[PDB]
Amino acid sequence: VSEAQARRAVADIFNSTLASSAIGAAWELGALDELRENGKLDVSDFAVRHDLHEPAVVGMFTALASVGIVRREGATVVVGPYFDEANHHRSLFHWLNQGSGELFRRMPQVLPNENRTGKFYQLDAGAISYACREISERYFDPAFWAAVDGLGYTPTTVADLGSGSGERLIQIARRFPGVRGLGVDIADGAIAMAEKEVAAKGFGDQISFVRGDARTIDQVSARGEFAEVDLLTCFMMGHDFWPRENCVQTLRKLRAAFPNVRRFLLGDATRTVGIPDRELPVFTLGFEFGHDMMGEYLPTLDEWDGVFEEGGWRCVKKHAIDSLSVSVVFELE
């Protein structure tokens, strides 16, 4: 490269940092949805209607324009060449920045071994959960609902591990009227939110929750509620079962604790292998690098394939996800 191409590419990397953060902000602030509707918006009017500091709004849109997501035209912002694709993945930018941004920012302090004890990094838990809700729906839904449609039976009681919001149980309950739901979650506030939402939507006597660690499900004393369960679901947390030896034991314990489960639908993103550095897709590098910074295990697709039998399960169908790195839904029984 000439010196001028290098100048441009490095300016682009810099401005990309700001665009990236602005994608998640423009999502959260409602700008991306206004642009989808009308293909354009008026900067001052947007600022006034949302009661925002307008010079900062102008910077937000400039950042987006600097890399081609939007285009500024006098007083208006118009969708740009990368708008549909950036908007498609917005929840992943939000996860990277608003969610995980402190982690990455603190790279020089997280890498040194002497610092890697106790609480050595900070995530924004509320932000991560704001993004994960749309990730779950946008990337995992087609395959999740394809798996539900090949169950070959009508579930009667569904249990969801890492139930969070309760949203999956509510959606299963809208599709299977009078199905019962049970959500297991390790956080009493994820439980409290889920209970409110379920009641708010008129399901408080179909769906209940239990505080519980899915990794050691034998320590939860809801046997008998567990014994009713004929469908088990676990999305976006499977990798926390690892390393391999712990995963095997978690899987065996889940098999014992839900002895009437027919299908177990397990969905997660995985560590990729061998992708060339200049062709990394969206999400991959952040997911993998983040977990390596936090010291947390991330298995590959092959590692999952290789663990089910030892863990007490048989994989009878597997769905590729589009494309949240390499992500999958396994149908186990």
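Don't overthink the numbering: it's just position in the shown sequence, from 1.
Student: May I ask you to compare 107 to 115 and 195 to 203 by their mean CA B factor in the entry and name the higher one?
Tutor: According to the entry, 195 to 203 carries the higher average C-alpha B-factor.
Student: Averaging C-alpha B-factors over each stretch, which comes out higher, 231 to 239 or 161 to 169?
Tutor: According to the PDB entry, the answer is 161 to 169.
Student: Select one of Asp268, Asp45, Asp277, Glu28: the residue whose C-alpha shows the highest B-factor in the crystal structure entry.
Tutor: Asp45 has the highest C-alpha B-factor of those listed.
Student: Highest Cα temperature factor in the entry, among the options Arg255, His94, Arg211, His88: which one is it?
Tutor: By C-alpha B-factor in the record, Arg211 ranks first.
Student: If you rank the chain by CA B-factor, which third does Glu37 end up in: lowest, middle or highest?
Tutor: Its C-alpha B-factor belongs to the highest third of this chain's values.
Student: Could you tell me which third, lowest, middle or highest, the C-alpha B-factor of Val329 occupies within its chain?
Tutor: Answer is lowest: the recorded C-alpha B-factor places it there.
Student: What third of the chain, by the recorded C-alpha B-factor, contains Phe120?
Tutor: For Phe120, the deposited C-alpha B-factor lands in the highest third.
Student: Could you place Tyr82 in the lowest, middle or highest third of its chain by Cα temperature factor, using the values in the record?
Tutor: Middle third.
Student: Divide the modelled residues of the chain into thirds by Cα B-factor and specify which third, lowest, middle or highest, holds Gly183.
Tutor: Middle third.
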